[PDB]
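None of the figures in this text is laboratory data; all of them are computed from the coordinates on show. Here the Cβ is made from the backbone with ideal geometry for all residues, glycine too, and neighbour counts use every protein chain on show.
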Ligand SMILES: *C(=O)c1c(COP(=O)(O)O)cnc(C)c1O
Ligand SMILES: Cc1ncc(COP(=O)(O)O)c(C=O)c1O
């Protein structure tokens, strides 16, 4: 990667903007690994994590399906040539006009957690196949979601009866434990709860066939080897949904998107005060680094410039380029001394990075280089 | 405003996106008031706060100047036809390529707070007139700035000497106490420290003539009149420390002018009621026009467009943004009349750090704009 990025800069000596270096081959390899790790689980990629056109085309060609959250994301995936039949509108709150658009296009599987949402479906998308989303938190996930979405245990039967009353087909149950989860017990308990909800749906008169395990998993790699979350999920699947008549799906975002890209950024400013080395980059928490704010990320850059093995590290502060004092990429990191014009890159910067860009202060521009 | 927004909706029956309703006349009136409040102080509008083109043109035509933070902001202002002499590049950290752009465009005044910044000026824009930015904090400001910008007291003399050594003209001193400030004492202290810095610059051999009091002020209105709690004491500090007619005083206000420029209308698209708690999902979000909820701890109350009886029951409500993120909550708890899917509401005074911070996260973030 160091050589690749150095070669890009040598080939484009005029490069000014920060830039993503993205590798479709990494994602293809991870898809092949998903298949080995989760042989029963069909991934519906969470488009919202990273909507890069090349990435979406990459998945499409590898028979990965899609999780879309809005009409705009539906449009993106259709434009790539994917069948609307491969999309789940896995957002429990959908506008009337997005629902009409979904129906027209052929996006006819969606999630819900409210009776008012069922009223909307009845009126505007009556044959949409519905997945009931239930609340099942991992208290240790980086990003929490349980208050805002998913049905409470006490309302599962009421929602299912209400759907039956409106002649709405409920074909499954989903959950999301939280984004950025490394708690395998959270998935186990969620799948157990899902089986209970599944049984309540049968009790009510539905004929459900989909377990949807949501997202939240990392593709954690130690020593070039993907760790096997998957083992415990597959065990819960076997314990609670052993029947081959059940279709299992997931909504992974970060699993595939995280390692897709690195982000290269330049030191554009410098200030040294009483032993502390402060640097300003042509990036910010309002650009590709919103994860610093929302996921408490503390990223360490890789220097493109070679330094000897015994280079002195100095205490460094990495600031974003905006006016704002909250916009700090890393408050304290030991690094070799950097200089205005030095390029660095942050590994594994493909998840919830480029999708969260703003043009605040007139910044936020970046280029993208493929392979 | 309630009637204005209803008339917009009646005239545009197909309206689906959230929309800002923006009024140049409100800003024109506030410019006139600024003249009264601050008769010695030339405002350089902080374009980062709201870069709406109509807004920028309204300010251009009212002889208000500009504070640009980047090459893109410089571009926006020049394309409006504003003379380069009216722009201060008031960002102490500027890319070499942005400095080269500023030089091409005629943007020949900027701020700094580091010796390496002077190295860049010397090499790339040696004719640029420099304003030394000093750290002077309002600890009660909504958005803190001092950590990241402004020279410390013990480095003021060395930075000035360094500029002198490089043959760089230092023509004044600036500070920003922090954004969203209601502390008049912070300004008085900052202006005092600025005079001390100003005198150090004269001691070194510079000929400064500019005080730049930065930004931070709200246009706080009660009963149709702007409060002078901040202006009065800022003027008292100016009289104490910079009474000389030979000193030009400027400010970098953003929110003062932008805050009341717009309202943001948004629709109820989803509803859930559980155990007497009324939850609503809107076609807006904290990743859209509502970043202030996160970064400024805003707790915004919407105005209903639908008329309700004077004794109509309020219910406890939760106002959710349209994204899949749990952090995306507009208001955690607010008492309101029951709402229904299709109801429009609007948020008053929603022009400062609102539309400029929009993202397309989840495929949302789109909005329309109506003027007057
Ligand atoms: C913003 O932090 C900022 C402004 C404008 O602040 P207000 O909108 O008036 O609160 C002006 N100048 C600088 C250097 C800023 O960073
Ligand atoms: C409904 C839903 N599915 C999937 C995801 C993807 O999450 P992750 O990128 O952690 O796998 C999210 C994100 O919060 C989500 O809300």
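Tell me the label-point distance for the pair residue A:10, residue A:239, using the 7 Å Cα-to-Cβ offset, in nm and rounded to one decimal.
Taking the two extended label points, one gets 5.5 nm.
When ranked by the protection proxy of mean other Cβ atoms within 10 Å per residue, highest first, what sequence do the peptides A:134-143, B:161-170 form?
Averaged packing, sorted descending, gives the order A:134-143, B:161-170.
In nm, to one decimal, how far is the modelled label at residue B:28 from the one at residue B:140, with both set 7 Å along Cα→Cβ?
Here the modelled spin labels are 3.6 nm apart.
Looking only at region A:1-35, which residues have a backbone nitrogen under 13 Å from a spot 7 Å from the Cα of residue A:62 in the C-beta direction?
Residues A:23-35 qualify, since their backbone N sits under 13 Å from the label point.
Across peptide A:42-48, how many C-beta atoms of other chains are within 10 Å of each residue C-beta, on average?
Mean partner shielding for this stretch: 2.
What does region B:181-251 give for Rg and for Dmax, in Å, if only its C-alpha atoms count?
In Å, with Rg to one decimal and Dmax whole: 13.8, 50.
What number, rounded to the nearest 500 deg cm²/dmol, is the helix-based mean residue ellipticity at 222 nm of the protein assembly as shown, given -39500 (n - 2.57) per DSSP H run of at least four residues and division by all its residues?
Calculated at 222 nm, the ellipticity per residue is -9000 deg cm²/dmol.
Residue separation times 0.36 nm, minus the C-alpha to C-alpha distance between residue A:127 and residue A:54: what's the value?
That pair, residue A:127 and residue A:54, stretches by 23.0 nm at full extension.
Using label points projected 7 Å from each Cα along Cα→Cβ, tell me how many nm separate residue B:371 and residue A:331, to one decimal.
Those two pseudo-labels are separated by 4.5 nm.
Can you order the peptides A:271-278, A:216-223 by their average number of other Cβ atoms within 10 Å per residue, highest first?
Peptide ranking by packing, descending: A:216-223, A:271-278.
Name the residue, out of B:269, B:121, B:109, whose mean-square fluctuation peaks in a Gaussian network model built on chain B with Cα pairs under 10 Å.
Between B:269, B:121, B:109, it is B:269 that shows the largest mean-square fluctuation.
Which whole number gives the average, over all residues in B:320-330, of C-beta atoms from other chains lying within 10 Å of the residue C-beta?
6
Please give the peptides B:298-306, B:21-29 ranked by average Cβ packing (other Cβ atoms within 10 Å per residue), highest first, as a rough proxy for protection.
The densest-packed peptide leads the list: B:21-29, B:298-306.
Can you compute the FRET efficiency between residue A:104 and residue B:209 using 1/(1 + (r/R0)^6), with r the Cβ-Cβ distance and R0 = 45 Å? Round to the nearest 0.05.
0.10
As a test of the definition: which semi-axes, in Å, follow for the protein assembly as shown when you take the square root of five times each eigenvalue of its alpha carbon gyration tensor? Largest first, please.
Sorted largest first and rounded, they come to 49, 33, 20 Å.
How crowded by other chains is B:274-280, given as the mean number of beta carbons from other chains within 10 Å of each beta carbon?
Going residue by residue through B:274-280 and averaging, the value is 2.
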